[PDB]
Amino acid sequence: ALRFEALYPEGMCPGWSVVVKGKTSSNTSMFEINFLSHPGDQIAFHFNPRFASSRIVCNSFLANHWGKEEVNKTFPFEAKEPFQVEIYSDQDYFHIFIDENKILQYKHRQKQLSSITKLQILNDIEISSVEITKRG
């Protein structure tokens, strides 16, 4: 289910930090954080921690197809333990920090960054906070 959605028509990429605090119920759950662009809610960046397998899967859903998966080895989450995920974008990458440590970066595939206007948080995450801040 959709847990949280935000829309910022002026564009929240690049130069914005999104900080999500919360926790996940079981060690077989998953949640996702999506950055979506107009028109047609294409997913510029899909961040998907899968607790069943302890993998973070990142990808993009553009022109109605998932692209090449980028899977991160390290899994700094624990079921039912509060976490903090920060996603920050510059002109080249989305940068992911978890509990303040740099975890991965994801090269822009959707290159029209100003069209990225929507944030979606889905599935197994009990959100305690969402912060969307311009960092430059």
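Heads up: residue numbers just count along the shown sequence, starting at 1. Note that the rigid core is defined as the largest set of C-alphas that superpose within 1.5 Å between two forms.
For the pair 107 to 115 and 23 to 31, rigid core superposition yields a higher RMS C-alpha distance in 7 other deposited structures of this protein in 23 to 31. When the C-alpha B-factors of 21 to 29 and 122 to 130 are averaged, 21 to 29 comes out higher. Taking the mean C-alpha B-factor of each stretch as recorded, 58 to 66 and 75 to 83 are not equal, and the higher mean is that of 75 to 83. Among the modelled residues of its chain, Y93 has a C-alpha B-factor that falls in the highest third according to the deposited record. Among the modelled residues of its chain, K102 has a C-alpha B-factor that falls in the highest third, as given in the PDB entry. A1 sits in the highest third of its chain by CA B factor, as recorded in the PDB entry.
The entry lists a Cα temperature factor for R50 that places it in the lowest third of the chain's modelled residues.
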